[PDB]
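See structure below.
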Number of protein chains: 2
Amino acid sequence: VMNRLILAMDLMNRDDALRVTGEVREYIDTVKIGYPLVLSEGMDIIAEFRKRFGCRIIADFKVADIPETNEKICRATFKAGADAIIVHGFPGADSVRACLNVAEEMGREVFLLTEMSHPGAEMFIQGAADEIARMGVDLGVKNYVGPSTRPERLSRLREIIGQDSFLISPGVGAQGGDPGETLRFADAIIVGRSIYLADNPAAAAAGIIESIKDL
Amino acid sequence: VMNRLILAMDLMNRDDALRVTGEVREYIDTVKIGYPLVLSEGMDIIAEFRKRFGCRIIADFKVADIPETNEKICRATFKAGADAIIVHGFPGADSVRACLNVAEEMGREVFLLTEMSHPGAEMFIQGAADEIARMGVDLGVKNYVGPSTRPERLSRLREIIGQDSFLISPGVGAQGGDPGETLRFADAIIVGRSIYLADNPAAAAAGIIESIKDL
Ligand SMILES: O=c1cc(O)n([C@@H]2O[C@H](COP(=O)(O)O)[C@@H](O)[C@H]2O)c(=O)[nH]1
Ligand SMILES: O=c1cc(O)n([C@@H]2O[C@H](COP(=O)(O)O)[C@@H](O)[C@H]2O)c(=O)[nH]1
């Protein structure tokens, strides 16, 4: 992705989301849109963004249902124009396979979320994360999400998925993660509040890119 | 809930969803609306249903993000009129607490999803489910979701949460679960395809209720 930086656009107002995304567009080529924005403004926001900014859109819907419901969620999401969808691995292989099947049918991609970045991830997800990543490899998953807040875990996850797999990583900035250290293992970093709550989002994005280019 | 039966309305078309829900309204008082319908027709469908049918609406969004994002998802969901939201417990206590805080602020309820009903739930969720339920009890959660497909697990979950807690259970019908056996442990059953794909949804609902009344 452009500059290895993905914007997590979690503002819940279309006008503010459009303003900030437009201000930082020269620095990115991929926007992660999740439920905070979609549940506030509608699924049409995905095609609006894709068109207005010509960016790729990753729908961060942390899909985590039974296979049959996961298939429906993925079909609705790709119909709305999303390029990729983020899926939880913890509900198991059949639930992930259902998403992979719809992505294959529709010419799109699935990102598998392994370990999460927040403190509570240590309770149950962390202990299962290596196995979730191995499950991804066995299912043919090529895109993964891992935590900026725990670079030693990001390293172990990169070890499991290999160098050919694409790995993106949230938790940079507000949650404490560092751009440069995270990019030692991930291909791209996801950044939300550090950019969208900044007094000058473009300056915040530029600052991050400068520290990345130096790597 | 009326007749201890909750309709899982996972049709993706507003006209079909309204038709089926209207046909079975005399047999229920609670409709579970999830992402298949919301991502296809918009969040306004929640208030439309609540108004048209005078039913309680559980938003089955399997919330499974970091605390900050979970708070935003819950606020948007309750603003749309949902009476309750279903939250995954696998992501940990801070993520669940964020949802409980918004429900307290807005006078609504949180249902904690413990073990899931599909086969893949055996891979990672089942091994953590008793602990997820105990976490719910420690956080003060009073509403839970457990699997119709594994009544021995539903029994163990009921044992952990106590008799005062409210427990609802999906996996009845299409996934193999039985109404009567499930109601030995759960307060209400969730039924989707067995009713909404039936040639006569009202007859299917009536049939289930007749077998429930006999209990
Ligand atoms: O483990 C994970 C997975 C995520 O998708 N995310 C998501 O990435 C973004 C992080 O945003 P922020 O930079 O404001 O902390 C949010 O949209 C969040 O939902 C995360 O923070 N941790
Ligand atoms: O463990 C769980 C948790 C759920 O919410 N569900 C949900 O309950 C419904 C089950 O519907 P059905 O009766 O068609 O199998 C679906 O909406 C599904 O997403 C489930 O099946 N298993």
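In what follows, every chain begins at residue 1, and chains take the letters A, B, ... in the order their sequences are listed. All values below were derived from every heavy atom in this structure, side-chain atoms included, with hydrogens, water molecules and symmetry-related copies excluded.
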Locate the shortest heavy-atom distance separating [X] from [Y]; write the atom from each residue and the value.
X: A/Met12; Y: B/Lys72; answer: CE-O, 3.4 Å
X: B/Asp94; Y: A/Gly120; answer: OD2-N, 2.9 Å
X: A/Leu39; Y: B/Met43; answer: O-CG, 3.4 Å
X: B/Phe124; Y: A/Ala128; answer: CD2-CB, 3.7 Å

Check this for me: [X], atom [atom1], are more than 12 non-hydrogen atoms of other residues, nucleotides or ligands nearer than 6.0 Å?
X: B/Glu104; atom1: CD; answer: no
X: A/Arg56; atom1: CZ; answer: no
X: B/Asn200; atom1: CG; answer: yes
X: B/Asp44; atom1: CG; answer: no

Could you check B/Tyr35 against A/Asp65 for side-chain contact (heavy atoms from CB on, under 4.5 Å), going step by step and ending with a plain yes or no? CA-CA 10 Å; B/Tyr35 287 136; A/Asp65 217 304; over 6 Å; no
Option in [options] with maximal non-hydrogen atom pairs under 4.5 Å from chain A:
options: B/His118, B/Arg193, B/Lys62; result: B/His118
options: B/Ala121, B/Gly192, B/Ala64, B/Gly34; result: B/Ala64
options: B/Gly42, B/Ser40, B/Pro91, B/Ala76; result: B/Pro91
options: B/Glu122, B/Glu68, B/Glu71; result: B/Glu68

How far apart are the C-alpha atoms of A/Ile66 and B/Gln175, what are their side-chain angles, what is the distance that settles it, and do they pass the side-chain contact (heavy atoms from CB on, under 4.5 Å) test? CA-CA 10 Å; A/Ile66 67 168; B/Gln175 295 181 57; 3.6 Å; yes
Compute the ring centroids of B/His88 and A/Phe90, then answer whether they are less than 6.0 Å apart.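 Yes - the distance between ring centres of B/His88 and A/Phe90 falls below the 6.0 Å cut-off.
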Side chain, backbone, both or neither: which part of A/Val38 has a non-hydrogen atom closer than 4.5 Å to chain B?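 Just its side chain gets close to chain B.
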Considering only heavy atoms, which portion of A/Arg97 lies under 4.5 Å from any heavy atom of chain B: side chain, backbone, both, or neither?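 No part of A/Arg97 comes within 4.5 Å of chain B.
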B/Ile132 portion near chain A, given a 4.5 angstrom heavy-atom threshold: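 Both parts, heavy atoms under 4.5 Å.
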